[PDB]
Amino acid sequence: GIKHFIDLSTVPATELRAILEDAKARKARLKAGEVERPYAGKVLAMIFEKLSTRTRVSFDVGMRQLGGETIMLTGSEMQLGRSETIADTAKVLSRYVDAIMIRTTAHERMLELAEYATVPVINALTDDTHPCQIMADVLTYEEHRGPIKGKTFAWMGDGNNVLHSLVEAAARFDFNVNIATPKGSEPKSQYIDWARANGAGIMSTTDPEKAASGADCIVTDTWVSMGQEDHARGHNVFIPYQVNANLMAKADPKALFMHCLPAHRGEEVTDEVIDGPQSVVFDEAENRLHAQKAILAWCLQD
């Protein structure tokens, strides 16, 4: 019964839609100057096994705007499994707080925390998925362009946590994703396979122009995040996938550009695109706050 928020593929489509609509409603009240406290007396534990300041700040502010409290815990203050079983940690933290946000590396420790917690566990992000970023992205898209149904997003470069959640979102929100990767039409991806089985249109190609053509949103991420630790090697395999003005001109004229920050200008995207009129990267970043507020509210309800 507990309303965990683990991944887009573990929450029903109708509920994800309800969360998005609530995010818009709460954002409207906030921008109108309303300060409210529906979750006064609720506490969110925030466990960070790896550093993510933008995730910390966006969840912290969001919880406070709901009237709740937050407690920031590091890996050094808390590594699940170090000093006691994860079950014991989960059961004790459940006696003190009302929800637990976790940023972990591997998925398994988050799932074990959720198994034994009696309060909701929220995936702030992991190495393999990033549902909260993608909720922020879908929110941003709809704010700028209207209903996302049937639209096409084109991802440039190779997979990472954000792309994995994006293809899950294509299923849950009934849109399409074109993916231009050196891996070609043979990506071998559990996420793509799940998305296709659950309503997404996914096309995989080596060719950026083929993916971008007529697309409604062009998305990329850093060379490091996409699996190239080496700068020159990164430059090498990813330079053909760069989001530049020439690539954006192949997309729909009203296309948006998105990027889960941080970005490196001149690498995966040029200055003129990310700081140009099609970019929504800062609105996207703001929407981490507004989307995550609605996820928190959904988890805390009842």
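Residue positions are given as counts along the sequence shown, with the first one as 1.
Peer 1: Using only the Cα atoms and their B-factors as the entry lists them, report which of 282-290 and 11-19 averages higher.
Peer 2: Per the PDB entry, the higher value belongs to 11-19.
Peer 1: Regarding 141-149 and 226-234, which shows the higher C-alpha temperature factor on average in the entry?
Peer 2: Per the deposited B-factors, the answer is 226-234.
Peer 1: Using the entry's values, work out which of 160, 123, 89, 190 has the largest Cα B factor.
Peer 2: The listed residue with the largest C-alpha B-factor is 190.
Peer 1: If you compare 65, 246, 70, 55, which has the highest Cα B-factor in the entry?
Peer 2: That would be 246, according to the entry.
Peer 1: Would you please rank residue 211 by its C-alpha temperature factor against the other modelled residues of its chain and give the third it falls in: lowest, middle or highest?
Peer 2: Answer is middle: the recorded C-alpha B-factor places it there.
Peer 1: By its CA B factor, does residue 185 count among the lowest, middle or highest third of the modelled residues in the chain?
Peer 2: As the PDB entry reports it, the C-alpha B-factor of residue 185 lands in the highest third of its chain.
Peer 1: State the tercile, meaning the lowest, middle or highest third, of residue 107 with respect to the CA B-factors recorded for its chain.
Peer 2: Top third by C-alpha B-factor.
Peer 1: Taking the C-alpha B-factors as the PDB entry records them, is residue 196 in the lowest, middle or highest third of its chain?
Peer 2: For residue 196, whose C-alpha B-factor we compare with every modelled residue in the chain, the answer is the highest third.
Peer 1: How does the C-alpha B factor of residue 172 compare with the rest of the chain: lowest, middle or highest third?
Peer 2: Middle third.
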